[PDB]
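Below, each chain spelled out in residue letters.
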Amino acid sequence: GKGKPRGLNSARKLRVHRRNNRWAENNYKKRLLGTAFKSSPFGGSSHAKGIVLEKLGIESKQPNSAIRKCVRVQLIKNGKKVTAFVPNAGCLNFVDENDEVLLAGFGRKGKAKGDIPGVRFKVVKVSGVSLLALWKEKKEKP
Amino acid sequence: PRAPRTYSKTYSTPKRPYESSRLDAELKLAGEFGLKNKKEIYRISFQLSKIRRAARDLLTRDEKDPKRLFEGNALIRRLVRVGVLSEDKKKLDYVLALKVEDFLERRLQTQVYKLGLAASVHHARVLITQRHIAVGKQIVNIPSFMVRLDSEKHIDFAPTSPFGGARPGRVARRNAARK
Amino acid sequence: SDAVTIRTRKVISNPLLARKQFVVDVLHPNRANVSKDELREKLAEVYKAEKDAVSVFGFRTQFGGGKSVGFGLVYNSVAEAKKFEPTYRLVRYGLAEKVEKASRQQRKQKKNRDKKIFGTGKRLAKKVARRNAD
Amino acid sequence: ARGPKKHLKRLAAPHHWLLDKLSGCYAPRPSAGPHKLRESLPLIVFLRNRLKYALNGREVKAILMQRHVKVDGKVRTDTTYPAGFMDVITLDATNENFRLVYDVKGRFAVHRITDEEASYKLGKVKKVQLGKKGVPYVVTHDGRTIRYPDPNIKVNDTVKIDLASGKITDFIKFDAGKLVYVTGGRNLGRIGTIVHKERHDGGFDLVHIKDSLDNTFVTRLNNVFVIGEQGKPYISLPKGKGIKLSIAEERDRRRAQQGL
RNA sequence: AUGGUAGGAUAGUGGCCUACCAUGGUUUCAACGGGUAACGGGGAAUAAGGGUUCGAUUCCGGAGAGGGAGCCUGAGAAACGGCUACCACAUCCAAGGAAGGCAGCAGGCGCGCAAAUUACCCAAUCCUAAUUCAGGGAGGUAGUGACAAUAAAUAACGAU
RNA sequence: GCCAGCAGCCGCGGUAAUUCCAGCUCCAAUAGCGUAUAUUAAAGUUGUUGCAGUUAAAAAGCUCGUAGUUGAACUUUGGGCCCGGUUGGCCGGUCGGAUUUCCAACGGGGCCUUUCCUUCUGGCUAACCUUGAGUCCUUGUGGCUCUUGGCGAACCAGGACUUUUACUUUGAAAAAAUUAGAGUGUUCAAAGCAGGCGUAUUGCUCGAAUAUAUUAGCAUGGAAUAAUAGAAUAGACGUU
């Protein structure tokens with residue numbers, strides 16, 4: 001006689017005692033307050049527009065040393081101030097201050113990647129022309 | 001607005017992606033049967049996986065119930081017409097013991113090969129894309145065709161075609177216009 | 001060519017418009033499919049209506065060509081066609097010259113240029129010269 | 001949305017009109033019929049998507065204009081005349097005479113009749129009143145209005161009229177053993193019995209029938225239409241008598257009939 | 001707020017609004033509230049099955065015309081390339097007074113990561129007329145264009 | 001020479017650096033590569049199909065409870081005769097398909113074995129319990145022309161009365177463009193809705209599909225599953 005009511009008329013007490021439970025399970029937490037719209041940068045999104053400030057330097061977390069390349073942004077929305085991260089080379093160079101940049105996630109949700117600490121985004125485009133190209137030289141910049 | 005026109009993909013990919021398991025039985029397929037891309041091994045795979053349940057579905061009606069027989073005897077005769085399964089096997093039952101590999105022989109791609117009119121499997125194909133082969137007096141330009149058993153004997157070469165008629169064929173309006 | 005041959009299909013004895021309706025077919029070896037003007041003659045030849053009183057739209061031309069199909073229409077007497085005929089058609093055969101209204105853009109803008117004028121407004125022409133010369 | 005609708009999105013047209021599904025964004029519809037809308041038709045269908053005698057619809061204005069087709073022995077040059085179960089449609093060119101009446105399967109059908117038989121029709125009786133100056137009258141699913149009629153006639157039968165005239169020649173009754181065409185409901189498109197009404201009484205009355213192959217059944221009183229005594233069924237009936245077949249049989253007759 | 005009964009109201013129905021009346025209607029099977037970087041869907045990406053996200057955007061609805069209201073015409077508008085005001089904008093001026101609404105095409109400004117020629121036509125496509133004939137930045141078509149997508153050159157054959 | 005610098009993460013660099021700067025050399029995509037952002041699959045790390053909860057992060061302190069949710073079994077089974085479909089064999093019956101006997105599978109309508117089919121008034125009959133006559137031919141339960149007593153559910157159409165649900169079948173009613181998909185040589189393809197033959201000297205034509213298109217609602221055959229209802233202060237048929 002495990003812990004649940006079982007007979008026939010035990011609809012009522014079931015549609016409640018899952019709907020309570022669900023709570024805790026983290027996911028169903030995000031989706032009811034859902035956080036996504038109020039908290040976090042993109043709100044209910046995937047991508048966005050921003051414009052750079054400084055070119056900050058963030059060393060490592062440690063089993064590592066690794067002085068990586070990050071940029072503060074200004075979005076073109078809530079305004080948060082965010083940092084974000086660059087790929088490939090130096091990549092830095094090609095992000096010349098107060099330029100237009102196109103930001104996206106980091107495929108991890110929330111969370112925070114690899115050897116970087118409070119950091120949660122990547123730089124996809126600039127000006128809107130790739131980075132991918134303004135490192136495999138299929139275009140160049142204005 | 002208008003009747004929004006209706007369409008299902010045929011493909012159903014795999015559940016695990018990579019495997020030196022199943023992989024090195026596609027490349028034993030392609031290959032041996034012509035084909036091209038993996039977007040063939042998986043078309044079929046779907047359409048067998050399609051039929052397969054309409055059996056499962058039945059079997060679980062009783063036997064004898066109207067629906068079960070009708071499809072079976074309508075289901076079956078659809079596969080007798082395409083050569084797929086024999087005469088002698090059709091109880092129902094049994095269509096289940098049909099692996100990928102039976103269907104492939106009844107693709108025009110290869111039925112040409114066997115009707116040799118083709119060096120290897122290849123010379124079996126350009127041979128289809130290039131308007132060359134023909135069923136009635138009618139061209140077909142697509143490897144995946146599926147051989148309807150009672151045609152088969154009517155498989156050509158057409159009037160149009162260069163290998164049975166209307167003219168020599170381009171490269172010949174050249175060896176006769178430089179001596 | 002090795003000759004056309006016009007084997008025809010679905011003959012209906014339309015009685016409401018003198019017509020005579022059917023679905024045309026065509027075995028052509030080396031033609032590269034087949035010209036209308038020419039085609040009619042082929043039906044008229046047989047069906048006794050001197051071309052003109054005839055139709056034959058949406059040939060379409062098997063996939064190699066080889067074979068064609070459409071649509072069969074024999075009028076009785078050209079008189080009746082002149083009536084139940086869709087003009088767009090006779091301009092295929094040169095039986096009706098072609099009206100050379102404007103583009104539509106004008107034909108619309110020209111409803112919204114006499115709708116404001118209550119009448120002719122031919123007392124706006126002499127309300128011209130009681131507004132100029134004063 | 002405010003007054004009543006004047007269009008008809010094609011899809012929304014009834015699925016036995018059988019209408020294509022493509023090309024014509026819109027089907028029709030019928031205006032203010034003597035018929036019911038759904039279990040009816042227009043000539044703009046019956047004269048291209050069924051018979052052929054049109055190609056376009058412009059073409060179907062042009063056959064009508066010409067006053068060259070009479071419904072119930074009367075012209076109409078509506079374009080969407082709301083015709084129905086029981087009708088006459090006479091072809092003036094052509095003595096060519098169609099009684100509307102369903103397939104067996106499910107349909108409408110294309111049934112020819114006997115230039116003689118266009119003659120009359122099978123008036124349903126839908127109500128009965130001493131009405132106006134103190135005069136009795138029956139008002140006929142045909143949505144048509146019939147006066148000085150006998151009192152033997154009661155609530156739920158037909159009555160042969162004469163098209164030329166709105167007379168009321170012969171009437172039939174509703175009794176445990178008469179033939180029945182089923183108008184609407186899975187069984188539209190079938191005959192033919194009244195085994196046993198099953199009274200009740202808000203409302204819902206129910207009926208039992210059988211047929212020529214002994215199959216049987218139970219549908220609504222509403223959807224019943226007497227035609228004669230077992231035999232003489234006051235018509236004609238289209239093929240397959242109107243019969244129903246466990247597709248186990250149908251498939252056969254198209255296999256019997258393989259001939260080309 | 002929820003119904004009764006009657007009238008006014010409308011093109012009508014109805015607490016639509018008012019006369020008097022009754023105390024009702026919704027609510028853990030999520031109401032009312034707060035959020036939405038929400039116009040809805042058809043559908044788009046993804047594609048084994050079951051799925052997860054995005055659909056401001058080529059068709060179907062609705063909503064605005066810088067905010068707000070009110071109404072003249074007409075069947076047909078709460079119209080914004082129609083008018084009165086009001087307020088938030090901003091133009092002419094002899095300072096008396098006038099006149100004004102690109103989120104139609106264009107174009108410039110501003111904003112910003114972020115997106116193009118003050119170009120040629122009614123010839124097609126279709127609509128407006130009183131009407132075959134005007135007129136139609138609806139439409140088309142050129143210009144700019146790496147958004148994507150299709151095809152596919154940049155070397156073959158000798159002889160040494 | 002732990003300084004420049006690289007490195008999505010593990011990490012190189014503190015005097016011979018397979019990582020930095022650069023030469024040659026090779027590898028990968030290739031008129032297109034990279035880069036950042038968002039989303040997807042990867043994600044059986046949101047999970048109904050498919051998770052984990054002895055200690056990894058998680059069984060409430062334990063019990064009662066109004067909702068919610070589930071809920072033992074039991075209410076025609078069996079057998080009897082029919083007659084027919086259309087897969088599969090055995091003849092191909094023949095100038096590669098038409099069908100009969102031989103004959104397996106398999107559905108399915110009858111009807112009967114104590115057998116509701118809401119059921120009355122006609123018209124309706126559609127079928128044979130009929131049989132007024134009989135016989136083409138294998139020395140006959142192999143083959144269907146005809147009116148007379150008598151089949152009602154093959155059905156019209158008025159009524160009296162016909163528990164109700166979910167579930168399932170079909171079928172309709174359903175906008176194209178999209179998606180799948182038949183045709184079809186835009187030179188190929190992406191496309192497109194076109195084309196094909198002649199006497200290309202004056203006329204013939206094939207088409208321009210199907211299918212998906214679910215969630216609500218209708219009409220419909222199912223009657224297993226799962227609910228529910230009739231009659232225990234007495235009802236049910238009724239010839240009186």
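Residues numbered from 1 in each chain as written, not as in the entry; some residues may be left out. Chains lettered and ligands numbered in written order. Part of a larger assembly, values for the part shown. Heavy atoms only, no water.

Method-wise, the PDB entry is recorded as coming from cryo-EM, at a reported resolution of 3.70 Å.

Per the PDB entry, the recorded name for chain D is ES4, and the organism is Kluyveromyces lactis. In the PDB, the structure is listed with the title "Kluyveromyces lactis 80S ribosome in complex with CrPV-IRES".

Chain B appears in the PDB entry as US4 from Kluyveromyces lactis.

Colleague: Just give me the short version of the pattern of salt bridges, but keep the residues and values in it.
Modeller: In the structure shown here, the tally under the stated rule is 24 salt bridges over all chains. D96 of chain A is the partner of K141 of chain A in a salt bridge, and the nearest nitrogen-oxygen pair spans 3.3 Å. Taking relative accessible area as the criterion, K141 of chain A reaches 29% and is therefore assigned partly exposed. Through salt bridges with shared partners, a single ionic network connects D72, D87, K121, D142 and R144 of chain D. (Salt bridge = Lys/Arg side-chain N within 4 Å of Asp/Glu carboxyl O. Buried < 20%, exposed > 50% of the residue type's maximum accessible area, 1.4 Å probe, protein only.)

Colleague: Could you give me a rundown of the sheet that holds strand β1 (residues 50-51) of chain A, with the residues and numbers involved?
Modeller: Residues and elements named next belong to chain A. The 3 strands are arranged β1-β4-β5 in an open sheet whose pairing can be described as antiparallel. Every other strand in the sheet has two partners, leaving β1 and β5 (123-126) as the edge strands with one partner each. In the sheet, strand β4 (residues 100-103) pairs with β5 via 3 bridges, with the strands oriented antiparallel. Its bridge partner lying in β5, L103 is registered against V123. (Pairing = 2+ DSSP bridges. Helix = DSSP H or I, 4+ residues; strand = E, 2+ residues; numbered from the N terminus.)

Colleague: Give me the lowdown on the protein's contact with RNA strand F, citing residues and values where you can.
Modeller: Around RNA strand F lies a shell of 220 residues, among which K64 and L69 of chain B, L39 of chain C together with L206 and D252 of chain D are the nearest. Sugar and phosphate atoms represent 57% of those atoms of RNA strand F found within 4 Å of the protein. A12 of chain D places a main-chain nitrogen or oxygen 2.8 Å from a sugar or linking oxygen of RNA strand F. A distance of 2.8 Å separates a sugar or linking oxygen of RNA strand F from a polar backbone atom of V155 of chain D. Those elements giving two or more residues to the surface near RNA strand F turn out to be α1 (12-19), β4 and β5 of chain A, α2 (66-69) of chain B, α1 (42-47) of chain C together with β4 (180-181) and β5 (225-226) of chain D. (Near = heavy atom within 4 Å. Polar contact = N/O pair within 3.5 Å; in protein donor to acceptor, adjacent residues only side chain to side chain.)

Colleague: I'd like to hear about the domain arrangement of chain D, residue by residue, with values.
Modeller: A common measure of how large an interface is: the accessible area buried when the components associate. Residue and element names in this part refer to chain D. By domain assignment, chain D separates into domain 1 (1-116), domain 2 (121-171) and domain 3 (174-244). Averaged C-alpha coordinates put domain 2 and domain 3 at centres separated by 21 Å. The interface of domain 2 with domain 3 comprises 9 residues on the first partner and 9 residues on the second. Taking both sides of the interface into account, the surface hidden between domain 2 and domain 3 amounts to around 780 Å²; carbon and sulfur atoms contribute 65%. Contact with domain 3 buries area across many residues of domain 2, yet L122, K124 and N156 alone supply 59% of it, more than any other trio. (Domains from an automatic or database assignment. Contact = heavy atoms within 4.5 Å. Buried area = accessible area lost by both parts, 1.4 Å probe.)

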